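Read the single chain below, which is given as structure tokens and is the form deposited in one PDB entry.
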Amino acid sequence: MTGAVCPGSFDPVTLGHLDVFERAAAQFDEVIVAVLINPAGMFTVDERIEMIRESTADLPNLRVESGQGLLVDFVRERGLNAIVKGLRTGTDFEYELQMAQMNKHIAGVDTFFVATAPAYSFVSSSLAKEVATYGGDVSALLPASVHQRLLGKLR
């Protein structure tokens, strides 16, 4: 039984995230999306989880959970030791590499990186929110349910 964790704040989840989720779910027996919260954003943890579940309805081996603290503890507590992280334009890859090597050192957890599809490579949660805030149309970059909710939080 294989498995990996897909971590992020997902505030909100984007089609870039979904693409990575789909690829993880296709290649591992079990995937857990870890909605990591800070001491703070647009959507509550519960809202974020609901948006991810709506978007991943077709992935029966993927589940969504909230987490706090050390990512490697979240991973190991669930009997796993792999992380799958997406890459997009603007990803701080050098910092991701630093964290991957740190996470392997402190807990033996591996990190696999996968680039999101070119079509979704320039969306990020932060930039989608910024563009939407000023009336820009990011509907092609987000799940339909997310775009609906986003307009709600803004209007």
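Numbers follow the displayed sequence, beginning with 1.
We do not show the form deposited with a small molecule bound, though everything after this point is about it.
> Does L62 reach the small molecule in the deposited bound form if we count a contact as any heavy atom within 4.5 Å?
Outside the cut-off, so no.
> Are any of the heavy atoms in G3 no more than 4.5 Å from a heavy atom of the small molecule in the deposited bound form?
Heavy-atom contact with the small molecule at 4.5 Å: absent for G3.
> If you check in the deposited bound form, is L70 within 4.5 Å of the small molecule, heavy atoms only?
Contact with the small molecule, yes.
> Quick check on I49: any heavy atom within 4.5 Å of the small molecule in the deposited bound form?
No.
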